[PDB]
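Below, in structure tokens: the form deposited in one PDB entry, a single chain.
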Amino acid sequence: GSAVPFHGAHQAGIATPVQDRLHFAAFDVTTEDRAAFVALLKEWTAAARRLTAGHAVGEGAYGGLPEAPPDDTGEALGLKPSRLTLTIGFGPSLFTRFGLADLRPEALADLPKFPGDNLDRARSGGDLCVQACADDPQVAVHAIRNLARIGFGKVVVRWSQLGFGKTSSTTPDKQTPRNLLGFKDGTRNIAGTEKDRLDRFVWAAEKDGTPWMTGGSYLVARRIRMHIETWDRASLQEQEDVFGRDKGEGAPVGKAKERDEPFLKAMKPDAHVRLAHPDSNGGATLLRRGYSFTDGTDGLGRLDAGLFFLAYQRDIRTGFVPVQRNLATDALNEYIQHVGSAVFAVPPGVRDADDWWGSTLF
């Protein structure tokens, strides 16, 4: 239940160990005054320093003047930090404002249309986002609510997504979680310890072209519905064929252990692992950090389930795009549908107590 440090060269919440719960929100900016927006960023950074340490924002949740609303809404009182991280990102549409056009990064590429895409524009896009991750879902909701509260009149929430449980791993020494299809998810990811792999595949460099993004990353979010009725009547062999790993151990087909290296030629030509593997993609590698969700029924007598997929990479054009292009023939496509999409530039870390979110851009 400890705290994750808030300051660093990079923002926490990426290479950090994946916490149990997600509350992700996308925001549209509603002010034209760039000075007001910078003031917002400074105030949000100050709140996040309190929040990530387990402190109430402002002057606290009670004890102030009776006739004023309290600074902090109060529902996280007496809770530990719970490994809360807060990660902010800037959407492509933001750079149409405040005179930022010339500063939008080349690596903040718009996604092309992919086959099967059925994207809902209400749950897509966003001028910016905040990814709140914690082991306690009340801690995460409290942080989103209080950021939105502070930004009233300058930002509004466009759409949000709660993940009730992780389906990713940055800690290969810990148990790999399973997604709602019942398969381990996260075996061959990037570990928060693999410093060289993060430099090569995740962190933006100065040489890459955009100096203010040095130390940041780029985020692709995809809301993906699962056809669980269809999946749940498929045979065990069909399910294992679709992925290329067995269901129980999660081992590559033909091998004994989850972490044995896959031998791709033994997998079906349309197996998900075979098609997603860096070797099939010229070395393209992603940091996967997604969460499972369920949002009630579908109105047709079934549960509604899916995966809120999040990938961090050094450059959307050499990471998510080529891999997703190679999944056009994926056998998994029969059982899923992408229904929400958004990309963000995640800026560098807040260096110390005088720094603030987005300072290198603004």
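One-based numbering along the sequence shown. Only residues modelled in both forms are compared. Basically, rigid core = biggest C-alpha set you can superpose within 1.5 Å across the two forms.
Not on display, but discussed next: the form deposited in another entry.
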Quiz prompt | Sole residue of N281, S168, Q239, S292 shifting 2 angstroms or more in CA between this form and the one not shown, core aligned | solution = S168
Quiz prompt | Direction of the Cα shift between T170 and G340 in that other deposited form, where the change is 3 Å or more | solution = farther
Self-check item: Closer or farther: C-alpha pair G340/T167 in that other deposited form, relative to this form, given a change of 3 Å or more
Solution: farther
Quiz item: Superposed on the rigid core, which segments of at least three residues move by 2 angstroms or more at the Cα between this form and the one not shown?
Solution: 164-173
